[PDB]
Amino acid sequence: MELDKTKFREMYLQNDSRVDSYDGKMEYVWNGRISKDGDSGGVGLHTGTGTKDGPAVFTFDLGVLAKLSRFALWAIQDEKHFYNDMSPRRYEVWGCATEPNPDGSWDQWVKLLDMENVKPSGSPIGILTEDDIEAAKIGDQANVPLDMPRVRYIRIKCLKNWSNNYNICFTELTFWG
């Protein structure tokens, strides 16, 4: 099944990135809307454009203990953001089963997924083919390996975005399990 996004909850551990730049909010990435700039109802989350010391990190609660099967993520749905801007290019999804320590340490977390947003055409930043746009509307898609433990809490870490920095912005994610 698709996990029930009405149960998802923002968390904030020490050293996590704020995600509320450009009127963003973490709850906007589980509002069931895959949005673009100018849409109503909260477009997505956004850490900003300022330098960071390392990869952006944020944390949330699925509200259920689940055996995960699949994961998807969508960039904000316009040319400004497709394979561009602060959209994520290399990123990770991590999980754990018991309450996250508020100090934000990685110790208890397990890495579920190594994600790469691949641009089908491989065109330079700012050029898009019809296949690049199609892929962006499908979203990044992954199956979670069967050996992963059941998890309830999630972290996303942005290793690099499409502008070669550590910020991240996007519109929606979905979990199944």
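The first residue of the sequence shown is number 1, and the count goes up from there.
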Given 45 to 53 and 25 to 33, the range whose Cα B-factors average higher in the PDB entry: 45 to 53
Greater mean Cα temperature factor according to the PDB record, 65 to 73 or 114 to 122: 114 to 122
Third of chain Cα B-factors occupied by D78: highest
Chain thirds of CA B-factor: placement of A142: lowest
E99 CA temperature factor, ranked by third within the chain: lowest
Record-listed C-alpha B factor of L173: chain third: lowest
Ranked against its chain, the third holding the CA B-factor of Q108: middle
